[PDB]
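Q: Questions regarding the structure given below will be posed in turn.
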Amino acid sequence: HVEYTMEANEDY
Amino acid sequence: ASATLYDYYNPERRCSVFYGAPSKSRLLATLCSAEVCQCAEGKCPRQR
Amino acid sequence: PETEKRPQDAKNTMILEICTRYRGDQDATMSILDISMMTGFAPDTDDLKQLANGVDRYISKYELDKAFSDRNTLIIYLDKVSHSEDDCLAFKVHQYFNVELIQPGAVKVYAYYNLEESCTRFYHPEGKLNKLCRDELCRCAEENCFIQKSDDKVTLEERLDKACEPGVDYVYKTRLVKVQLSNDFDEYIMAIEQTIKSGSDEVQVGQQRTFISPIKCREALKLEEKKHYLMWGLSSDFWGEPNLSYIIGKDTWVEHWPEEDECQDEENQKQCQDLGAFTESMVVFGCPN
Amino acid sequence: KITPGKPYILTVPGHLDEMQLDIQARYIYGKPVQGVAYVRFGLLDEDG
Amino acid sequence: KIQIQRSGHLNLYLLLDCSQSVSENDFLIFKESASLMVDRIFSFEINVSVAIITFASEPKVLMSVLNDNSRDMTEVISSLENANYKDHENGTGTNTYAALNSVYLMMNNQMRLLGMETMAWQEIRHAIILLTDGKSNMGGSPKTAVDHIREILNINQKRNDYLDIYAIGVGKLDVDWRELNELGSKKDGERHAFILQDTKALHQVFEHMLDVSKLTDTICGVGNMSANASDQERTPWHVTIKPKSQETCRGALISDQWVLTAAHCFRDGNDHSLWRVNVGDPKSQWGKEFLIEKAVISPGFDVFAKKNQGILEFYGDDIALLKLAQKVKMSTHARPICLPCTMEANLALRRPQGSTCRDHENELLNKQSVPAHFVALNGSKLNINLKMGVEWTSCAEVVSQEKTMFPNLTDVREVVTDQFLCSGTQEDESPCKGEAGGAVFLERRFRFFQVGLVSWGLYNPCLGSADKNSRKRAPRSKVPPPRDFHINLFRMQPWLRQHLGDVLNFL
Amino acid sequence: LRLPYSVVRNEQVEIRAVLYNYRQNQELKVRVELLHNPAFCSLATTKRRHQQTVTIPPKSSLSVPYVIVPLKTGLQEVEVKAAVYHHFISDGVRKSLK
Amino acid sequence: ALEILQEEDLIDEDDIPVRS
Amino acid sequence: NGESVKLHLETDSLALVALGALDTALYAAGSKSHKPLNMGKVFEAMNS
Amino acid sequence: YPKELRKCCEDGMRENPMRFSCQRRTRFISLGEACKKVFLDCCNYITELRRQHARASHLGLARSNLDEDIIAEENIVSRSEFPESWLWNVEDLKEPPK
Amino acid sequence: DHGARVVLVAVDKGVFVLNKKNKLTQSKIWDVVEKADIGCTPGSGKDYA
Amino acid sequence: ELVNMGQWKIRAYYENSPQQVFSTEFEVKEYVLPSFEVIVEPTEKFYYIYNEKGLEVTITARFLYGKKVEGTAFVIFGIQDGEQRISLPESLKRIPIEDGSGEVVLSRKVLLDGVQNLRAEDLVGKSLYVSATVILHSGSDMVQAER
Amino acid sequence: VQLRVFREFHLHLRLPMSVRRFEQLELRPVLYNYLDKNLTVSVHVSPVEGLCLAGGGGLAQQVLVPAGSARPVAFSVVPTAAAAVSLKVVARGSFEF
Ligand SMILES: *[C@@H]1O[C@H](CO)[C@@H](O)[C@H](O)[C@H]1NC(C)=O
Ligand SMILES: *[C@@H]1O[C@H](CO)[C@@H](O)[C@H](O)[C@H]1NC(C)=O
Ligand SMILES: *[C@@H]1O[C@H](CO)[C@@H](O)[C@H](O)[C@H]1NC(C)=O
Ligand SMILES: *[C@@H]1O[C@H](CO)[C@@H](O)[C@H](O)[C@H]1NC(C)=O
Ligand SMILES: *[C@@H]1O[C@H](CO)[C@@H](O)[C@H](O)[C@H]1NC(C)=O
């Protein structure tokens with residue numbers, strides 16, 4: 001599992 | 001990210017391979033067709 | 001009179017002139033001038049060297065190094081002081097740090113072998129002007145001599161609560177007689193009109209007392225001639241052992257009591273009745289707590 | 001830079017001296033280099 | 001950066017948004033901004049061609065670069081003045097592609113004329129200034145037109161300096177910063193797209209949007225006007241005279257190798273050796289020092305000539321000239337100052353050829369209170385008001401009050417000769433001691449002219465040695481009111497001409 | 001940090017900090033700061049510390065004046081912390097005022 | 001976000017010289 | 001980088017100094033040593 | 001002037017800060033009558049000379065700064081204050097020699 | 001040399017330069033020794049004696 | 001803090017043979033500390049009368065912390081006939097000190113015309129002296145040097 | 001005359017000689033931190049036409065470089081331009097350091 005910030009390109 | 005493997009006696013004999021995150025792809029997405037290879041990186045739209 | 005030669009750092013230059021005479025029949029055997037100097041001031045060493053080493057030799061020698069635990073001192077060794085006429089010498093003192101509310105410097109001349117014969121005088125450059133009145137800098141300086149209340153939105157309940165706290169041991173309603181403003185501490189002679197409560201100091205109606213205030217609080221107090229005021233303070237705020245002077249400390253309150261003829265205006269009727277009710281409540285009912 | 005302990009090796013039948021080398025890595029601006037040195041040995045004749 | 005030099009041509013294409021997205025007030029802001037830009041550009045008296053294309057859903061051309069009248073300031077100003085906001089009511093959409101294609105059509109028509117192979121077209125540089133919010137909603141992407149523009153001029157890496165596209169959005173209107181940045185050209189070390197609030201900020205930014213560094217000819221008056229420049233850049237003509245390691249009197253460069261200074265600085269010195277004139281230098285902040293080979297003193301100057309009559313000091317004919325032993329290499333830090341009664345002053349004022357300095361005097365000093373400036377000790381610029389006409393009569397009367405220095409009546413005819421100008425009245429500054437000779441100049445049409453030099457006064461506000469910067473203020477009760485004076489250059493024309501007839505060209 | 005020898009209590013004195021730049025053709029961009037001290041109310045109150053960004057010309061020096069009014073007696077420390085930009089220099093000088 | 005993030009409290013990025 | 005460096009040149013008469021500043025990583029890049037023109041080469045030239 | 005009288009006249013021209021006419025200053029000279037005479041003559045000469053210079057070449061309305069002359073003095077004294085020496089310790093080498 | 005005693009001192013180098021009149025140097029020490037030689041004539045004499 | 005000012009000495013001798021005393025001397029002097037150090041010296045150690053190049057002097061200035069000085073130096077030469085200094089007025093020069101070092105030349109013609117003597121050999125034995133005054137370019141600091 | 005230059009904190013970028021267009025490559029700028037204070041910086045590459053960056057182009061990566069150490073940051077890039085590009089990588093530290 002990897003944690004991202006201000007990257008996830010899925011809205012809502 | 002990347003991962004290379006050199007040959008000890010002749011380092012010029014290498015092999016470089018790209019690998020991706022545990023769920024993403026190994027190469028950047030790109031819309032390529034004949035001469036044009038328009039980029040397709042960013043966000044994907046929603047069904048409003 | 002003229003800048004002439006001035007050090008680069010020096011902000012201004014002034015000339016200090018000293019004249020001394022011996023009142024006795026014969027000249028003093030040997031005398032010494034101890035000159036204590038104000039903040040940021042340094043003498044012009046060229047002038048002193050010219051006075052001493054020169055052919056004229058007005059002064060035997062000068063010494064700028066001492067203990068001087070309080071302030072920088074200069075010691076001048078005079079061979080003799082002439083009784084017939086005044087002996088005068090002058091030299092230039094330069095200031096390097098600009099200063100406001102500067103305290104006076106002292107000059108003391110004494111005979112070395114008999115220290116009984118000494119004379120002391122004080123010199124200070126010739127209302128007061130400050131250099132830092134801003135939103136917060138003007139408040140830390142004026143944070144003393146007063147209570148945190150701004151004397152503009154005083155409520156009856158707050159005044160009653162802060163009036164006779166167990167720390168407070170006296171509350172007075174007095175009138176100002178005269179203002180004796182001085183260089184370091186201002187004297188305010190308060191004529192006592194009525195004492196609401198009494199503490200360790202005994203006073204009578206119509207008697208006079210004197211209050212001493214720091215110079216930095218002159219503008220904050222902004223007291224006026226022939227006006228009424230109300231002050232309450234601590235038990236240890238008495239300075240006299242005779243004089244019975246009082247000191248305006250951090251727990252001393254000052255409210256300008258409006259005049260009787262001015263109590264009928266819109267800006268003073270809202271406060272005259274409150275002050276009267278407060279005074280009557282503490283005179284008769286006393287302090288509930 | 002590879003620097004031998006001595007610029008020669010004594011192959012006299014009586015004895016053979018020690019073979020020791022010092023390898024130093026240095027950035028161009030002076031600071032030392034952190035890394036792993038992989039060294040290989042062999043014989044080489046005047047022919048090549 | 002819009003390059004400035006004497007070789008080549010500069011085709012300026014001013015595009016103004018005329019769509020629904022800009023209101024009438026915003027269009028007035030754009031129009032006055034374009035007027036200011038076109039006025040400033042012509043001040044350098046260079047070869048410039050300006051084309052105005054206000055654009056909307058369709059492109060409308062107001063003035064053509066191909067037209068031979070593009071090299072006239074007044075014609076372009078009038079053509080821009082006749083612009084109308086309601087001319088695009090039928091189509092109120094923003095069509096950037098229409099404007100860019102109109103500019104391309106103009107450029108192609110110019111290219112066909114005169115021949116592409118000719119060097120005259122090759123030496124032409126281009127500058128497109130677009131005043132818009134950037135929201136172009138139809139006509140096509142601006143990138144296609146921009147690439148077409150680059151390809152017609154074959155703008156490669158080597159020729160990257162031959163095309164500059166700006167995008168300035170000025171006014172209350174909302175501006176998309178990303179779109180404006182994309183519209184502007186992309187260069188490594190400069191900004192090409194700006195967002196502003198009013199016209200003064202645009203004047204400052206446009207002052208930064210040029211570079212006169214490549215210009216080195218002997219032009220007078222031209223100088224910086226941005227507030228973010230060094231004090232010497234704003235007044236390049238300011239030079240100083242140093243007798244012996246001291247900073248005594250100021251001056252003004254009037255030519256390549258001449259300086260004009262007050263004559264009471266050289267009171268007791270005839271050994272021009274050890275005298276150095278400090279001149280500003282582009283590299284060092286302390287300037288380059290020159291040697292004087294000939295100092296000329298006005299023969300009519302004598303301070304104590306009227307001593308017996310009651311005039312302790314009389315400052316008539318207080319003027320001197322200096323000739324540096326080396327030619328000053330004109331740069332961005334040292335340029336001459338325009339003197340009146342000469343051809344160059346006439347050219348800088350855009351006056352007719354058959355002018356005479358009798359007209360110059362009225363043109364430059366018409367008002368009863370003419371604003372003027374002089375340079376302070378630290379290099380800053382202060383403001384004064386030269387008073388002429390009947391207002392001058394009251395001025396000299398104040399001198400009669402100062403009877404402590406001259407006990408006589410000292411009316412205007414006696415002490416204050418007509419060669420002197422008023423100053424220091426009401427909200428006016430006074431020179432300190434050490435600013436004698438500094439030019440008292442004035443600005444007209446973005447060019448500086450010299451109309452006198454400081455001579456004397458009645459109060460020194462630098463008496464207190466607080467710093468070289470702190471200046472005292474005269475109390476309102478100070479018994480002699482401050483009333484300064486300056487030698488008037490116009491009255492000294494007979495002396496000027498015979499000493500500088502060859503160097504300059506007087507009317 | 002330039003200070004007077006001794007400043008009397010309740011005297012308004014303008015101590016200063018002189019920053020010297022010794023680079024031949026470089027301009028430092030320092031961020032001077034005055035640490036709060038309970039003894040005297042500096043321009044830096046307890047809530048917000050006072051910081052100034054000053055640029056020193058090459059081969060020159062710049063003086064940052066500060067105003068402190070002492071309301072306590074004895075010896076107290078006056079400290080200014082300066083951090084240079086892109087030069088790593090974090091020199092700060094502390095002195096004792098009587 | 002395993003650790004903290006110092007966003008928008010960094011240098012202006014305009015005062016950092018570019019080496020080319 | 002970007003600093004100003006004061007370079008002093010001194011001779012015994014008027015001379016045409018031929019200056020040149022060279023990177024040092026070039027020597028590391030080069031497979032074989034290529035010594036420059038020093039006084040040894042000049043002395044060999046004179047006595048040849 | 002002779003060598004021994006040079007010091008007597010050199011201090012006769014510099015002006016003391018008390019603004020004393022040299023007739024009164026001569027009373028303080030503890031030397032021979034020759035020194036008093038030389039002092040008085042030099043002081044009167046330089047007083048008249050400098051009064052004439054300040055009357056002629058100084059103007060109150062000039063707006064030009066007064067000329068300044070480099071002192072170009074004599075008797076220059078060389079430096080005599082240098083930082084104190086440190087590292088006043090002795091050691092014995094005892095490691096095994098190579 | 002092994003077992004030796006070394007003594008140090010640090011100077012400003014502004015006073016070292018002006019000390020050219022006399023410094024503690026090995027040459028000075030050996031000159032002081034050379035000033036006490038038994039024979040003084042450089043290299044020859046009139047006879048063998 | 002209060003000692004005799006002059007040249008002090010240190011005497012050392014073995015107890016057995018007090019006839020041999022070894023001495024080293026130092027100075028006490030008085031506290032002096034200029035703003036910066038300036039050194040004035042000619043290239044040669046003398047002056048040759050028939051040397052048309054004149055006497056060249058190299059003025060050097062540097063701060064107390066190492067960095068150089070950029071300013072202006074005023075230099076004036078002067079003959080010295082034993083103990084009388086016939087200062088030369090025409091030899092006063094102003095030179096710029098850049099990088100921290102300057103240079104000034106006294107022409108032979110100036111020196112010959114200063115003493116109004118037609119014979120050049122008459123100046124033998126009359127030593128010269130140089131006085132220099134260095135003024136900083138930033139402020140008003142001034143120091144003086146002589147040789 | 002040897003004359004060395006140094007920064008004590010810098011970015012080192014070493015591009016290959018040339019790269020075929022449309023072929024993915026990886027940039028590995030390395031931060032060198034020779035200061036005595038442990039640091040933390042944010043590194044991002046400025047977007048430009050012709051480069052198909054990852055995430056869009058404006059994103060930045062947080063990376064911390066200990067005292068006297070180095071750290072690389074990988075940036076996958078597929079150059080879709082025609083002739084050449086000019087790519088810039090910016091590393092910006094904190095206001096504390
Ligand atoms: C400007 O254009 C004119 C008219 O074509 C030409 O004569 C002149 O040489 C050009 N250059 C300058 C610097 O005026
Ligand atoms: C002028 O400089 C200041 C900083 O001193 C800056 O904020 C301002 O934007 C600059 N003005 C222009 C027009 O560039
Ligand atoms: C004005 O000054 C600025 C700042 O130095 C300079 O960049 C600009 O080119 C100047 N503009 C002119 C001379 O038009
Ligand atoms: C220069 O001096 C003037 C004197 O009036 C002063 O107002 C101004 O602030 C100074 N400018 C500076 C220090 O930049
Ligand atoms: C920086 O990082 C190290 C671990 O890499 C940590 O132990 C240390 O406390 C940090 N701070 C320093 C070295 O000042």
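Order determines the names: the first chain of the structure tokens is A, the second B, and so forth; residues in each chain are numbered 1 upward, and ligands are numbered 1 upward as they are shown.
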Near region 2-19 of chain D, counting only C-alpha atoms, which residues have an atom at most 12 Å away, once you skip same-chain residues fewer than 3 positions from it, shown as a short mmCIF file (atom, residue, chain, number, x, y, z; two decimals) with N, CA and C atoms, in the first residue's frame?
A:
```cif
data_model
loop_
_atom_site.label_atom_id
_atom_site.label_comp_id
_atom_site.auth_asym_id
_atom_site.auth_seq_id
_atom_site.Cartn_x
_atom_site.Cartn_y
_atom_site.Cartn_z
N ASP D 22 45.16 0.86 -3.41
CA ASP D 22 44.24 1.83 -2.83
C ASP D 22 43.48 2.49 -3.96
N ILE D 23 42.16 2.41 -3.92
CA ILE D 23 41.28 3.02 -4.91
C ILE D 23 40.60 4.22 -4.25
N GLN D 24 40.71 5.38 -4.87
CA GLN D 24 40.14 6.61 -4.34
C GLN D 24 39.18 7.20 -5.35
N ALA D 25 38.02 7.63 -4.88
CA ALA D 25 37.02 8.32 -5.69
C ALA D 25 36.81 9.72 -5.14
N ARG D 26 36.82 10.71 -6.03
CA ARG D 26 36.76 12.10 -5.61
C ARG D 26 35.95 12.89 -6.62
N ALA D 37 32.78 -0.09 -4.60
CA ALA D 37 33.81 -0.38 -5.58
C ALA D 37 33.79 -1.86 -5.93
N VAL D 39 35.89 -4.52 -8.13
CA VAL D 39 37.21 -4.64 -8.73
C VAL D 39 37.40 -6.06 -9.24
N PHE D 41 40.41 -8.70 -11.23
CA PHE D 41 41.84 -8.91 -11.44
C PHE D 41 42.07 -9.78 -12.66
#
```
Q: Counting only C-alpha atoms, what is within 10 Å of residue 14 (chain I), bar same-chain residues fewer than 6 positions away, as a count of residues only?
A: 6
Q: Expressed in Å to a single decimal, how great is the separation between CA of residue 210 (chain C) and CA of residue 187 (chain C)?
A: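 CA of residue 187 (chain C) lies at a distance of 6.6 Å from CA of residue 210 (chain C).
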Q: Of the residues E:503, E:416, E:229, E:365, which is the one nearest to ligand 4, using only C-alpha atoms and all ligand atoms?
A: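 For ligand 4, the nearest of the given residues is E:229.
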Q: With only C-alpha atoms and all ligand atoms counted, collect every polymer residue having an atom within 12 Å of ligand 3; state the result as number ranges by chain.
A: E: 1-5, 37, 40-44, 190, 203-216, 221-236, 282, 331-335, 446-447
Q: Throw together the list of residues within 9 Å of ligand 1, counting only C-alpha atoms and all ligand atoms, and drop it here as a VMD selection string.
A: chain E and resid 5 to 9 45 to 48
Q: Hey, what's within 10 Å of residue 16 (chain G) if we count only C-alpha atoms and toss same-chain stuff fewer than 3 positions away? As JSON, numbers by chain, please?
A: {"F": [85, 86], "G": [11, 12, 13, 19], "L": [90, 91, 92]}
Q: Could you pull out the residues sitting within 10 Å of ligand 5, using only C-alpha atoms and all ligand atoms, and write them as a list in words?
A: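 Using only C-alpha atoms and all ligand atoms, everything at most 10 Å from ligand 5 comes to residues 35, 36, 37, 38, 39, 40, 64, 65, 66, 67, 68 and 69 of chain L.
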Q: Write the selection just made, keeping N, CA, C and O atoms, as an mmCIF file, in the first residue's frame?
A:
```cif
data_model
loop_
_atom_site.group_PDB
_atom_site.id
_atom_site.type_symbol
_atom_site.label_atom_id
_atom_site.label_comp_id
_atom_site.auth_asym_id
_atom_site.auth_seq_id
_atom_site.Cartn_x
_atom_site.Cartn_y
_atom_site.Cartn_z
ATOM 1 N N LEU L 35 25.757 20.868 3.825
ATOM 2 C CA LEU L 35 25.601 21.692 5.009
ATOM 3 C C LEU L 35 25.598 20.818 6.261
ATOM 4 O O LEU L 35 25.462 19.592 6.201
ATOM 5 N N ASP L 36 25.745 21.465 7.411
ATOM 6 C CA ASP L 36 25.781 20.763 8.685
ATOM 7 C C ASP L 36 24.404 20.598 9.310
ATOM 8 O O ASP L 36 24.307 20.071 10.423
ATOM 9 N N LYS L 37 23.342 21.028 8.633
ATOM 10 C CA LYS L 37 21.990 20.950 9.167
ATOM 11 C C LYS L 37 21.130 20.052 8.289
ATOM 12 O O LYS L 37 21.069 20.234 7.070
ATOM 13 N N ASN L 38 20.482 19.078 8.924
ATOM 14 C CA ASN L 38 19.523 18.208 8.259
ATOM 15 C C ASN L 38 18.407 19.051 7.651
ATOM 16 O O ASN L 38 17.891 19.971 8.293
ATOM 17 N N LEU L 39 18.032 18.740 6.411
ATOM 18 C CA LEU L 39 17.177 19.612 5.613
ATOM 19 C C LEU L 39 15.938 18.874 5.117
ATOM 20 O O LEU L 39 15.714 17.699 5.416
ATOM 21 N N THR L 40 15.129 19.603 4.346
ATOM 22 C CA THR L 40 13.957 19.072 3.660
ATOM 23 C C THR L 40 13.574 20.057 2.566
ATOM 24 O O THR L 40 13.452 21.255 2.831
ATOM 25 N N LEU L 64 13.715 14.720 1.448
ATOM 26 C CA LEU L 64 14.553 15.262 2.509
ATOM 27 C C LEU L 64 15.961 14.698 2.386
ATOM 28 O O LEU L 64 16.137 13.494 2.174
ATOM 29 N N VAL L 65 16.955 15.572 2.502
ATOM 30 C CA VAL L 65 18.361 15.221 2.347
ATOM 31 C C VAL L 65 19.040 15.372 3.708
ATOM 32 O O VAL L 65 19.114 16.488 4.242
ATOM 33 N N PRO L 66 19.524 14.291 4.317
ATOM 34 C CA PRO L 66 20.207 14.414 5.612
ATOM 35 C C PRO L 66 21.501 15.206 5.491
ATOM 36 O O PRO L 66 21.944 15.584 4.406
ATOM 37 N N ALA L 67 22.110 15.465 6.647
ATOM 38 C CA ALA L 67 23.350 16.228 6.681
ATOM 39 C C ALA L 67 24.476 15.452 6.013
ATOM 40 O O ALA L 67 24.689 14.270 6.303
ATOM 41 N N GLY L 68 25.204 16.125 5.125
ATOM 42 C CA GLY L 68 26.305 15.508 4.411
ATOM 43 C C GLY L 68 25.904 14.294 3.599
ATOM 44 O O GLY L 68 26.579 13.263 3.649
ATOM 45 N N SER L 69 24.812 14.398 2.845
ATOM 46 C CA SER L 69 24.304 13.261 2.092
ATOM 47 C C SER L 69 23.648 13.749 0.809
ATOM 48 O O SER L 69 23.489 14.950 0.582
#
```
Q: Any idea what the distance is between CA of residue 1 (chain B) and CA of residue 26 (chain L)?
A: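 For CA of residue 1 (chain B) relative to CA of residue 26 (chain L), the distance reads 8.1 Å.
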Q: Identify, on the basis of only C-alpha atoms, every residue whose closest approach to region 14-29 of chain F does not exceed 7 Å; exclude the query and any residue fewer than 2 positions from it along the same chain; express the result as a PyMOL selection string.
A: (chain C and resi 97-99) or (chain F and resi 1-3+12+31+53-68+84-85) or (chain H and resi 3-4)
Q: If you keep C-alpha atoms, can you produce a file of those selected residues as a PDB file, in the first residue's frame?
A:
```
ATOM      1  CA  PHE C  97      23.283  56.638  20.419  1.00  0.00           C
ATOM      2  CA  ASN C  98      20.278  58.939  20.257  1.00  0.00           C
ATOM      3  CA  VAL C  99      18.339  58.924  23.521  1.00  0.00           C
TER       4      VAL C  99
ATOM      5  CA  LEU F   1      25.567  44.804  17.863  1.00  0.00           C
ATOM      6  CA  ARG F   2      26.246  48.376  19.014  1.00  0.00           C
ATOM      7  CA  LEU F   3      25.062  49.173  22.546  1.00  0.00           C
ATOM      8  CA  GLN F  12      14.479  55.320  25.494  1.00  0.00           C
ATOM      9  CA  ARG F  31      16.802  38.227   7.570  1.00  0.00           C
ATOM     10  CA  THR F  53      14.748  41.404   5.402  1.00  0.00           C
ATOM     11  CA  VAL F  54      17.617  43.723   4.441  1.00  0.00           C
ATOM     12  CA  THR F  55      19.944  43.584   1.436  1.00  0.00           C
ATOM     13  CA  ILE F  56      23.560  44.630   2.023  1.00  0.00           C
ATOM     14  CA  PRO F  57      25.400  46.186  -0.954  1.00  0.00           C
ATOM     15  CA  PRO F  58      28.726  44.628  -1.983  1.00  0.00           C
ATOM     16  CA  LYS F  59      31.746  45.814   0.013  1.00  0.00           C
ATOM     17  CA  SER F  60      29.442  47.794   2.297  1.00  0.00           C
ATOM     18  CA  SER F  61      27.445  47.617   5.527  1.00  0.00           C
ATOM     19  CA  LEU F  62      23.882  48.300   6.645  1.00  0.00           C
ATOM     20  CA  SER F  63      22.665  49.433  10.071  1.00  0.00           C
ATOM     21  CA  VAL F  64      19.344  48.133  11.420  1.00  0.00           C
ATOM     22  CA  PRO F  65      18.141  50.365  14.293  1.00  0.00           C
ATOM     23  CA  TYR F  66      16.108  48.988  17.182  1.00  0.00           C
ATOM     24  CA  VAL F  67      14.391  50.748  20.084  1.00  0.00           C
ATOM     25  CA  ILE F  68      14.369  49.205  23.566  1.00  0.00           C
ATOM     26  CA  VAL F  84      21.742  34.859   5.220  1.00  0.00           C
ATOM     27  CA  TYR F  85      19.988  33.598   2.086  1.00  0.00           C
TER      28      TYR F  85
ATOM     29  CA  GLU H   3      31.508  35.225  -8.600  1.00  0.00           C
ATOM     30  CA  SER H   4      33.936  37.858  -9.857  1.00  0.00           C
TER      31      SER H   4
END
```
Q: Near residue 29 (chain L), counting only C-alpha atoms, which residues have an atom at most 12 Å away, once you skip same-chain residues fewer than 5 positions from it, shown as a list in words?
A: residues 10, 11, 12, 13, 14, 15, 43, 44, 45, 63, 70, 71, 72, 73, 74, 75, 76, 87, 88, 89, 90 and 91 of chain L
Q: Show me, as a ChimeraX atom specification, every residue of chain B with an atom at most 9 Å from chain L, counting only C-alpha atoms.
A: /B:1-2,27-30,32,36-43
Q: Hey, what's within 12 Å of region 28-34 of chain H if we count only C-alpha atoms and toss same-chain stuff fewer than 2 positions away? As a PDB file with N, CA and C atoms, in the first residue's frame, please?
A:
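Result file is selection_21.pdb:
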```pdb
ATOM      1  N   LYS D   1      40.799   6.838  -9.222  1.00  0.00           N
ATOM      2  CA  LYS D   1      42.230   6.617  -9.367  1.00  0.00           C
ATOM      3  C   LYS D   1      42.635   5.385  -8.577  1.00  0.00           C
ATOM      4  N   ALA D  25      38.018   7.634  -4.878  1.00  0.00           N
ATOM      5  CA  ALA D  25      37.024   8.316  -5.693  1.00  0.00           C
ATOM      6  C   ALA D  25      36.815   9.717  -5.143  1.00  0.00           C
ATOM      7  N   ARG D  26      36.824  10.709  -6.026  1.00  0.00           N
ATOM      8  CA  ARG D  26      36.760  12.100  -5.606  1.00  0.00           C
ATOM      9  C   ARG D  26      35.955  12.890  -6.621  1.00  0.00           C
ATOM     10  N   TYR D  27      34.973  13.650  -6.145  1.00  0.00           N
ATOM     11  CA  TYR D  27      34.256  14.549  -7.030  1.00  0.00           C
ATOM     12  C   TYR D  27      35.221  15.578  -7.606  1.00  0.00           C
ATOM     13  N   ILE D  28      34.803  16.216  -8.699  1.00  0.00           N
ATOM     14  CA  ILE D  28      35.676  17.186  -9.350  1.00  0.00           C
ATOM     15  C   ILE D  28      35.933  18.382  -8.440  1.00  0.00           C
TER      16      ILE D  28
ATOM     17  N   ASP H  23      38.182  23.179 -18.113  1.00  0.00           N
ATOM     18  CA  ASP H  23      37.607  22.279 -17.128  1.00  0.00           C
ATOM     19  C   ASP H  23      38.576  21.138 -16.841  1.00  0.00           C
ATOM     20  N   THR H  24      38.462  20.567 -15.645  1.00  0.00           N
ATOM     21  CA  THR H  24      39.316  19.458 -15.247  1.00  0.00           C
ATOM     22  C   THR H  24      38.671  18.099 -15.482  1.00  0.00           C
ATOM     23  N   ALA H  25      37.341  18.030 -15.556  1.00  0.00           N
ATOM     24  CA  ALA H  25      36.684  16.760 -15.833  1.00  0.00           C
ATOM     25  C   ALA H  25      37.007  16.236 -17.224  1.00  0.00           C
ATOM     26  N   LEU H  26      37.544  17.082 -18.105  1.00  0.00           N
ATOM     27  CA  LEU H  26      37.960  16.617 -19.423  1.00  0.00           C
ATOM     28  C   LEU H  26      39.065  15.575 -19.313  1.00  0.00           C
ATOM     29  N   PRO H  36      49.779  18.915 -21.560  1.00  0.00           N
ATOM     30  CA  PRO H  36      49.771  20.190 -22.285  1.00  0.00           C
ATOM     31  C   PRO H  36      51.170  20.702 -22.580  1.00  0.00           C
ATOM     32  N   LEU H  37      51.251  21.916 -23.117  1.00  0.00           N
ATOM     33  CA  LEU H  37      52.527  22.538 -23.448  1.00  0.00           C
ATOM     34  C   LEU H  37      53.092  23.201 -22.197  1.00  0.00           C
ATOM     35  N   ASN H  38      54.151  22.623 -21.643  1.00  0.00           N
ATOM     36  CA  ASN H  38      54.849  23.169 -20.487  1.00  0.00           C
ATOM     37  C   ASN H  38      56.302  23.440 -20.862  1.00  0.00           C
TER      38      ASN H  38
END
```
Q: Using only C-alpha atoms and all ligand atoms, what table do you get, as CSV, when you list each residue of chain E with an atom no more than 6 Å from ligand 4, its nearest pair of atoms, and their distance in Å rounded to one decimal, rows by chain then rising number?
A:
```
residue,atom,partner,partner_atom_place_in_ligand_line,distance
E:378,CA,ligand 4,1 (C),4.9
E:380,CA,ligand 4,1 (C),5.1
E:469,CA,ligand 4,2 (O),4.0
E:470,CA,ligand 4,4 (C),5.6
E:471,CA,ligand 4,5 (O),5.0
```
Q: Within 8 Å of residue 320 (chain E), counting only C-alpha atoms, which residues show up once you throw out same-chain ones fewer than 4 positions away? Write them as a list in words, please.
A: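 Returned residues: residues 260, 261, 262, 263, 295, 296, 297 and 298 of chain E.
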